[PDB]
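**Student:** Keeping their order, the protein sequence lines are chains P and G.
Residue numbering for the first sequence follows PDB author numbering, starting at 199 and increasing by one per position.
What the second sequence shows, in PDB author numbering, is residues 150 to 153, 177 to 198, in sequence order.
One structure, pasted below without further comment.
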Amino acid sequence: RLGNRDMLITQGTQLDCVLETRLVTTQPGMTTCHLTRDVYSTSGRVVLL
Amino acid sequence: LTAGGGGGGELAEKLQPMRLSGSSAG
């Protein structure tokens with residue numbers, strides 16, 4: 199059983215973000231995006247991200 | 150007579189610093 203479902207984001211939750219950096223795969227590199235929406239807990243009651 | 177994490181293998185190795193030590197003027 200999951201411990202505290204108000205303070206928890208479980209596997210398979212889909213975080214939706216928007217890509218900031220233009221990506222070109224010539225050289226290994228770092229990316230960045232920003233979450234577009236609030237991400238609630240698995241109980242759906244607390245905004246965790 | 151005489152006495153006696178470890179990932180990012182390519183990117184993390186491209187980001188290894190090149191630390192060149194300073195000099196002092198003589």
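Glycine residues also receive a C-beta, built at the ideal position from the N, C-alpha and C atoms.
Under DSSP, the alpha helix (DSSP H) around P:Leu233 begins and ends at which residues?
**Tutor:** Start at 1 with the first residue of the first sequence, and residue 233 of chain P comes out as number 35. That residue, P:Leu233, is in no alpha helix (DSSP H); its beta strand (DSSP E) goes 231 to 233.
**Student:** Look at the alpha carbon of G:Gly180 and the alpha carbon of G:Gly198, and state the distance between them as a whole number of angstroms.
**Tutor:** Counted from its first residue, the second sequence places residue 180 of chain G at position 8. Counted from its first residue, the second sequence places residue 198 of chain G at position 26. Their Cα atoms are separated by approximately 43 Å.
**Student:** Does the Cβ-Cβ distance between P:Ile207 and P:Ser239 come in under 8 Å?
**Tutor:** For the purposes of this step, residue 207 of chain P is identified with residue 9 of the first sequence, where counting begins at 1. For the purposes of this step, residue 239 of chain P is identified with residue 41 of the first sequence, where counting begins at 1. Going by C-beta atoms, P:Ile207 is nearer than 8 Å to P:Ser239.
**Student:** Flag this pair as yes or no: are the beta carbons of P:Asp214 and P:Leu200 separated by less than 8 Å?
**Tutor:** Indexing the first sequence from 1 puts residue 214 of chain P at position 16. Indexing the first sequence from 1 puts residue 200 of chain P at position 2. Not a contact, by the Cβ cut-off of 8 Å.
**Student:** Quick check on the DSSP output: the alpha helix (DSSP H) that includes G:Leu183 runs from which residue to which?
**Tutor:** Position 11 of the second sequence, counted from the first residue, corresponds to residue 183 of chain G. 181 to 186 is the span of the alpha helix (DSSP H), which, as asked, contains G:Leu183.
**Student:** Which class does P:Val245 belong to by DSSP, given the choice of helix, strand or coil?
**Tutor:** As a working mapping, residue 245 of chain P is identified with position 47 in the first sequence. Three-state DSSP puts P:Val245 in a strand.
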